[PDB]
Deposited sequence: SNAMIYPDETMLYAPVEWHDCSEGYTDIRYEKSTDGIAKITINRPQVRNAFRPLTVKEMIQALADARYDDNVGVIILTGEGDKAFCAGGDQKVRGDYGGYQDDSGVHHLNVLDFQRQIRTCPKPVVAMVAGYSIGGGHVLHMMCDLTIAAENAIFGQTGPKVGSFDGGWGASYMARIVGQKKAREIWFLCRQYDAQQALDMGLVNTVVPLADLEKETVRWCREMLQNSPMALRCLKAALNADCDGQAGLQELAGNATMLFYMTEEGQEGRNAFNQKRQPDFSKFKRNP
């Protein structure tokens, strides 16, 4: 249990070919995407987004990977800011595996919306959060606004966007913006523990819950994900197989043989 949860982690490198990020995977199922541009507090540029999309797609399709971690190189910044990033936001959202934001230092502007899109956020004590749109003539009125309101509520979301202040780790925790705050030195340790707890659980259940939680926000786009999971489940049932069996066996499909539950 605990000892297993805190066992060391061996990161296998998969960064070959990438320029702005590092991409790594552990034997037990964690993929980590790290923004590697600390000279600029890990702000992203178009290439960085293109690379993260590629890396996240890789994780999605790697059947040994169960959880993805998003983080920034170093301890001073997760991501200080930036529009292909809209694609990336959708990709995080629709990923059937949990994505955890591991935040040390600055998570600001587009970088702040990135951590919010992640299913969970594990913050270090030196973490700082905030938006900058209105101070620099910009804004994210998509998930950056509505989804934030679903995390911290309408009063706080309006404060965050309208004033563009910075919030420390404690403030973030108190408003329910991050899931937990740990000392900088234990950030990886704690983040890896949370991932491992999720890895012990049913991947199909996580996938359906994530779609279900998205469906409270995304209208039909959410229904598409939720119903897609239902369809996938249905193919794995006897009645769902009677269809293909109808072909192979070459005959009329017979569902009269199947039961009808209330």
Missing C-alpha coordinates: which residue stretches of the deposited sequence does that apply to? 1-7, 90-108
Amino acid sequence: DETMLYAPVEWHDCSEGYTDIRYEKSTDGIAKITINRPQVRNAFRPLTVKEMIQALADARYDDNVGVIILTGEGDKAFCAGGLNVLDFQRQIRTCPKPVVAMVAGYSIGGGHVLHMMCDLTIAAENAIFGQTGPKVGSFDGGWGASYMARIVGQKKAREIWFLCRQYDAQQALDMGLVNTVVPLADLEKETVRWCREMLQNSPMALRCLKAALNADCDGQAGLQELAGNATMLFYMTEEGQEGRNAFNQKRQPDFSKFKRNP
From here on, numbers count along this sequence of modelled residues.
Taking only the CA atoms, which stretch has the higher mean B-factor in the record, 146-154 or 170-178? 170-178
When mean C-alpha B-factors in the record are compared for 52-60 and 232-240, the larger belongs to 232-240
Based on the entry's values, in what third of the chain does the Cα temperature factor of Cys217 lie: lowest, middle or highest? middle
Which third of the chain does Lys210 land in by C-alpha B-factor: lowest, middle or highest? lowest
Chain thirds of CA B-factor: placement of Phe139: highest
Is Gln200 in the lowest, middle or highest third of its chain when residues are ranked by C-alpha B-factor? middle
Taking only the Cα B-factors deposited for this chain, tell me whether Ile108 sits in the lowest, middle or highest third. middle
